[PDB]
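>>> Provided hereafter are the protein sequence and its experimental coordinates.
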Amino acid sequence: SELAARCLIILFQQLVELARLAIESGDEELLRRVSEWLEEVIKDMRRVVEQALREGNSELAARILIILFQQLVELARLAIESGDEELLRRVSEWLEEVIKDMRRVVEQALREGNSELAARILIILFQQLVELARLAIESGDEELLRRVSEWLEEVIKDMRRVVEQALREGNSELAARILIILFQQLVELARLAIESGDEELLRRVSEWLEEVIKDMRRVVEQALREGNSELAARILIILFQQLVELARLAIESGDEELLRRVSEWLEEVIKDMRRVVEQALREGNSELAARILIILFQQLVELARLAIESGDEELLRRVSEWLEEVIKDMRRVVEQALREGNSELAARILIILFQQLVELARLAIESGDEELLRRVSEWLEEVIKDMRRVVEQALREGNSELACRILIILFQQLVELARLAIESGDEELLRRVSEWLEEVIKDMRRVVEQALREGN
Amino acid sequence: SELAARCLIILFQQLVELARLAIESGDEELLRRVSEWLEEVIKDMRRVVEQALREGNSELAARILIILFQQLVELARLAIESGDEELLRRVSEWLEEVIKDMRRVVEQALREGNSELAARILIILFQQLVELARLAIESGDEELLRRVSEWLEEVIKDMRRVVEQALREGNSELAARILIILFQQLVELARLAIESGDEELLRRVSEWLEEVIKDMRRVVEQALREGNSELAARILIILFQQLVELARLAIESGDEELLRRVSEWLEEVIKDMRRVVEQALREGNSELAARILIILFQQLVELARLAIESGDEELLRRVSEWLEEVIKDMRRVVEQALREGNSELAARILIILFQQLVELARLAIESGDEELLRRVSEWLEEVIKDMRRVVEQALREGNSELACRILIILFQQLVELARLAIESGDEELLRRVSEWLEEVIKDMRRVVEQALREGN
Amino acid sequence: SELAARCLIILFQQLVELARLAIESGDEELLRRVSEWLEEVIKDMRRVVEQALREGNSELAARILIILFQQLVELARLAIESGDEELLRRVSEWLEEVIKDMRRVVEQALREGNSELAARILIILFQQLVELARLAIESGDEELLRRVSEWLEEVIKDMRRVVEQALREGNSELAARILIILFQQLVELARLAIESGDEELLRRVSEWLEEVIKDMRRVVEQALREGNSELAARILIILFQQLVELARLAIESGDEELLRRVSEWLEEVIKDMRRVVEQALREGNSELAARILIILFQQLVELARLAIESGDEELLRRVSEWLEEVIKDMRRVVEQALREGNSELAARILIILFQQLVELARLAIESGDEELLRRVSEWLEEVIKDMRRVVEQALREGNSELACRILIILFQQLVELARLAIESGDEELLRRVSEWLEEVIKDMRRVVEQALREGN
C-alpha cells in the first residue's frame, strides 16, 4: 500500500502541475480533463487510505491525506489567484472529503492508543486550514473563508478531546504542547483577521483563544497536581508571551476591545504563575521560583514598552502594578535564597532585577514619563538596599569575592543609569544615582579592607 | 648530459628574454649579438642531444629538442610581431634543423621499441607547428605558413607510420589515441584556415583529415578483430563528435563544400557504429550496444540543432533520416534486452530516447518546423507503445516498482512536452500528448491496483 | 591582595568612564565628586601595592601601578582634549606619585635579584610616558611635556642601572634588549619632536640617544668578551637600522644637525661591526662574518637611497665610501670561505653582493648619478671576476652543478642590469654588460663541456 500511495501522490502532483499550465494559459478544455483525472486519483487515494487503515497502518493513512490536502490547497491557490470559482468549488469539496477522512484517522489513532499521532494530524490540518484561510482572506473570498472557519472549529473541538485523552493517559506534557501550538496558530489566524480588519473572524478566534486558555490553565493545574511545577511554569510562561504578542497586534491596530480581553487574560496568567512560584518555593526550589519571576518581569517590561510607545497609560498602569507585585515576590525569593544559605542566587536575582529596572527606567526617561521613572527609581533604591545586605551576608560567609562582584556589577549599572540621566539632563535622577554610587564605593573599600585582612 | 642540457636550455631562455628587450627597444646591435649567441647555444644543444642518444637516453634527447623548438617558436613570435624578417628567417631555419633532429629521435625511439615516446614527440611537435602556423596565419605570412604546412605534412606521415608500428605491436589503443589527437589538431588547424578564409590550407587539412579517418576506421576494424568492441565504439564516437564540431565550423562559416565532405564522413562513421552495435549484440553486450546508439542519437540531435538554427534543410533531412535509423536499432536493442530478461535496461533505453525526442521536438517547435515535429511526434508515439509493453513485462516479472517508475517518468516527460505545446499554442500536439497522458494514467492506476494486490 | 587590587582597578576604570561622561557633558559637579572618588581609590591601591610588596609579590605590585598609571594617562587625555587644566593638574600629580612608587618597586625587584621584572617595569613606564608626552606635544602643553620629559630622564637613569645590574649578573642579552628597546622608544619620541618642531625636546632626546649608544657599544664589547660574537653582531645591526631610521627622519625634515650626529653614530657602529666580522673570522665563523657584511651593505644601500632621493651628495659620498669598505671586507670573507673549502658560501656572498650592487646601480641610473653608477659598475666588474674564479674553484672541486648555477644566476642579473641600461638608454653601461654577458656565456659553454665529459 506504500508504493500504491506513492504512485498516486506523485501522479496527483504532476496533474496539478499540468493543471497550472492549463490555468495560466487559460485552456479550459485541458483543465477540465485534468480536473477529472485529479478526481479519479483522489478516489483511488482514499481507497488506499482505507487499505492502510485495514492493514493497521494509521500512520501511512494520515500521511496520504495530509499530503493530498496540501496538494489540494495548492491547487485551490491556483484557482483563487486565477479566479476560477468552478475549480475552486470542486477543490473545496475535495478538501472537505479529505478532512472527514482525516478525522476518522484521528479517531483510529486514538482507538489505537496513539494520541500523539492523533494530535499531529489535527495540528497539521489546522495549520493547512489557516494557510487556506489566508488565501481566502487576502482574496476576499468570504464563502471559502466561512467554510474553512467552520472546518477550523471542528478541528479545534477534536484537538481539545485529544488533549483530554492525553490528560487521561497521564501525558500532561503532550496535552500542554497541543494547546500551546493551537494557541499560537490561533494568534496567527487572529493576525490575519486583524490586518484584514475582519472583526467577525477575529471574534470567532478570540473566543477560541479563550477556550484554549481555560484548557491550558487546567493542564497547569494537572501538572502541579503531578508534582511537575517546572512544566506548569513553562506553560504559563509561553502562554503569557503569546498573549503579549497578541496584545502587540491589538495595540498596533488600535483594537481596544481585543487588548482589553488579552490584558485580562494576562492578569489571570500572572496570578497562576505567582501560585506556581509559591509551589516552587514550597518544594524547596527557589531557583525555579526566581526564574519564573525574572522571566515574567522581563515580559511585563516588554509589554510596558508597547504601552509606553503607543502611549497607552491605562495598560502601562496595569503593567506597572503587575511589575510591583513581581518585585515584591522576587525580594521574598531573595530572602528565601539567603535563608537557604544561597547568597549567590540571592545576588543574581537582585542583579538581574536591577538591570531590568534600569532598562525600564530608560524607557521612562526617553519617553519622558516622570511618574513611571519615579516608581522605578524607588524600586531601584529598594533593590540596592537588598543587594548591600547580600554583600554583607557574603562577607559574613567569608566570600569577599562574591561581595566584590556584586558591588562592582551594581556600580557599573549605576553608572549606566547615570549616563541616561546625564544625556537626558535629569539632575534629580543623577543626584540620586551619584549618592548610590558613593554608598557602593564605601562598601567596596570595606571589601578591599576585608580582602587585605584575608591576605588576598 | 642532463645538467649539460639544463644549462643550455636555461641560457637559451635567458638569451631570448634579452633578445626580447633588444627587439622591443629596437637595438639591432644587441639583437645581433644575442642571435649569434643563440645560434652557438643551439649547436651545443644539438651535440648534447647527440650525446644523450649515444647514451641510450632518447627520452632526454627528445625533451631537449622539444623545449628548444618551443623556445624558437616563442622567439619567432617576437620576430613576427615586430616584423623582423631577418630574425624570423634565422629562427625558421633553426626550427627546421630541430625538426630533422626530432624525427631522427622518433626513429631512434621506434628502433628502441618505444612507439609511445615516438608518438608523443610527433604529437607535441605537430601541436607546436600548428601554434606557429597560427602566428603565420594571423600575421598573414604566407611564406612561413607554407614552410610550416610542409613540416606539418611530414610529421603526419611519420605519425601514421607510428600508428602502423603500434598496430604491428598489437597496441591498437595507442594507434587510436594517436589518430584521435592528430584529427583534433587538424580540426583546430582547419578552424584557423576557416576563420582566416585560407582555402588552400583548409584544402590541405581536409585532405589530411580524410586520410586520418581512413586510418581510424582500420584501427576500429583491428579493435573489432581483437574482440575489443568497446574501443571500436569509443573511436567512432569520438571521431563522430569531432566531425560534428568540424561541421559546426563549416555551417557557421557557410562552407557547403567542407560541410558536404564532413556529412559524408559522418554517414560512413554511423554505418561503422551500427556494425559495432551489431557486434556488441552478437557478443551478448546489449548494454554497450544501447550506449553506442544513445550517444550517437544525442550527437545527431546536436547536429540537427545546428541544421535547424542555420536553416539547412538538406543537412537536417540527412540527420533526421539518420535519427530514424538509430531509433529502429535502439528498439531492437530494447527487444534484445527484454529477451535477455533485462527489463530495467529496456526501460532506461526508451526513457532516454523519449527524452531526447522531446528535446528534438522542442527544437522543431521553437523553429516552427512542423515536418520535423510530425516525424518526432510519431517517433514519440512508437516509444510510448514500447514503454507500455516494458511496463507490462515488469508487472509480469513481479516488479511493480519498476513498472511504476517507468510510467511516472513518462508522464512527467509528457507533461513537459505538453508545456511546449501549450506555450507554443500547438493544439494538435497538445491533443496527442493529452491522449498519451490519459493512457499512462490508466496504466498507473492498474499498477496501483497491482501494488495493493501485492500488499504494498 | 590580588582580589583587593582587582576590585579597585575595576572601580577606578568605571570612575574614569563616569568622569568621561561628566567631562563631555560639562558637569563639573559630578566630575568633582568622581575625581574625589578617584583619589580615594588611588590611595587604597597604593596601600594594596604596599601589601603586595610586604607579601613578597613585587610582580603584582608592579602590575597594579602599571595599570593605574595607564588609566591616569587615559584620564589625562580626557582632561587635555577637554582643556580641563584643574583635572589635568590633579592627574599629573597622581601620575608623579605612581611613578615614585613604581621606581621603588623596581628597586625591590632588583633587591630580589629580578632584574628582568625591574627592566619590564621601566620599559612599560617609559612607553607610557612617551604616550603622555605625545598628548602634551600635540596639544601644545609645554608644562606637562616638561614634567614628562623630566620623568623620562629619571626612568632612563634607572634603566641604565638595570642594564648595569644585568651585565653584573652576566646577562648581556637582557642588557642589550633593554637598551635596544629604550633606543627605539627614544627615536619614536624624537619623531614627535621632529614633526612638531620642538628642538628643545629633540636636543634632550638626541643626548639620551647618544648615551644609550655608548652603553650598547660596551654591551657589544661585553658580548665579544663573553665569546658571543653573534649577539654582538645583532646589537650593532639593530642599532644601525634604528640609526638609519632616525637619519630618515632628519633627512625628510631637513635637520642637518641631527643627520650629522646620526651619520657620525653610523660610522662608529660600522667600525664596531667590522671588528665583529674580524672576530667572527678569527672564530672560524665565516658564515656569520658574511651575514654581518651582507646586512650592513643592504642597510647602507637603503641609506644611500635616502641620500639619492633627497639629493644629499655629502651623505651619499660618506655612504658610498662605507659601501666600498664593506665590499673589500666581503671579498676577503669570500677568500676565507674558499680557503675553508666552502665554495658554496663564497658564491652566495658574491651573488648577493652583485644583486645589491645592481639595485644600487638602478638608483644611480634612475637618479642620473653617473659618478655613483661609475663606482658601482666598477664594483660589479670586480665581483664578476671573483665569481668566475669561484666557478673555476667549483669546477676544480668536481662540482659542475654549482659552477653552472653561479653563471646562470650571474647572467640573469647581467640581463636585468642590461634592461636598466636599455630602458635608460645608457649605451656605455649596456656595452660593459654585453661584454660581461659574452664572458659568462663562454664560461657556461665550458661548464657544459665539463658536464658532458662527466657523463651528465
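Structure's in. What do you need? Numbers count the residues shown, from 1 in each chain, chains lettered A, B, ... in the order given.

>>> roughly how far does residue A:76 sit from chain C?
61 Å (Cβ to the nearest Cβ, to the nearest Å). C-beta here means a position set from N, CA and C on the backbone, and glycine is covered the same way.

>>> what sits closest to that residue if chain neighbours are left out?
Among residues not flanking residue A:76 along the chain, residue A:91 sits closest, at 4.6 Å (Cβ to Cβ, 6 or more residues apart in numbering or on different chains).

>>> now do the strand or helix carrying the one you found: which elements does it pack against?
Assigned by DSSP states H and E, residue A:91 belongs to helix A:85-111. When contacts are defined as 3 or more Cβ pairs under 8 Å, 6 or more residues apart in numbering or on different chains; DSSP states H and E, helix A:85-111 packs onto helix A:28-54, helix A:58-82, helix A:115-139, helix A:142-168.

>>> to residue C:446, which of these lies closest?
helix A:58-82 (86.5 Å; Cβ to Cβ).

>>> could you list the buried residues of the closest one?
Of all the residues in helix A:58-82, those buried under the rule 16 or more other Cβ atoms under 10 Å in any protein chain shown are A:58-80, A:82.

>>> residues of stretch A:182-200 that come out buried?
Buried residues in stretch A:182-200 (16+ other Cβ under 10 Å): A:182-194, A:196, A:198.

>>> which parts of chain A sit against chain B?
Applying Cβ under 8 Å from any Cβ of the partner chain, we find that chain A lies next to chain B at A:1-4, A:6-8, A:10-11, A:14, A:17-18, A:21-22, A:25, A:27, A:30, A:33, A:37, A:40-41, A:44, A:48, A:51, A:55.

>>> so which bits of stretch A:110-124 are buried?
A:110, A:114, A:115, A:116, A:117, A:118, A:119, A:120, A:121, A:122, A:123, A:124.

>>> check stretch A:405-423 too.
By neighbour count on 16+ other Cβ under 10 Å, the buried set for stretch A:405-423 is A:405-422.

>>> just stretch A:86-93 next, same as before
A:87, A:88, A:90, A:91, A:92.

>>> OK, contacts around the first one?
By Cβ atoms under 8 Å, 6 or more residues apart in numbering or on different chains, the contact set of residue A:87 is A:23, A:31, A:35, A:75, A:78, A:79.

>>> how about the second one?
When contacts are counted by Cβ under 8 Å, 6+ apart, residue A:88 touches A:76, A:79, A:80, A:141, A:144.

>>> so what's the gap between the helix or strand that contains residue A:288 and the chain middle?
Element membership of residue A:288 [criterion: DSSP H and E] is helix A:286-310. Put simply, helix A:286-310 sits 14 Å off its chain's centre (Cα atoms, centre = their mean, to the nearest Å).

>>> quick one: buried residues of it?
A:286-308, A:310.

>>> and stretch A:146-164, by the same measure?
A:147-149, A:151-152, A:154-156, A:158-163.

>>> got those as TSV, with distance to chain C columns?
As requested, these are exported to TSV (distance: Cβ to the nearest Cβ, whole Å):
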residue	distance to chain C
A:147	63
A:148	58
A:149	57
A:151	61
A:152	56
A:154	62
A:155	58
A:156	56
A:158	60
A:159	55
A:160	56
A:161	60
A:162	57
A:163	53
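
>>> save the residues you listed as TSV, and put in distance to residue C:366 too.
Converted to TSV, the buried residues of stretch A:146-164 look like this (distance: Cβ to Cβ, whole Å):
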residue	distance to residue C:366
A:147	89
A:148	84
A:149	87
A:151	88
A:152	85
A:154	91
A:155	87
A:156	88
A:158	91
A:159	87
A:160	91
A:161	94
A:162	89
A:163	89
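
>>> quick one, which of the helices and strands packed on helix A:85-111 is nearest to residue B:215?
Closest among the helices and strands packed on helix A:85-111, using Cβ to Cβ: helix A:28-54, at 56.1 Å.

>>> buried residues, the closest one. List them.
A:30-31, A:33-35, A:37-38, A:40-42, A:44-49, A:51-53.

>>> and the angle for that helix with helix A:58-82?
Computed by axes from the mean of the first three to the mean of the last three Cα atoms, to 10 degrees, the angle separating helix A:28-54 from helix A:58-82 equals 160 degrees.
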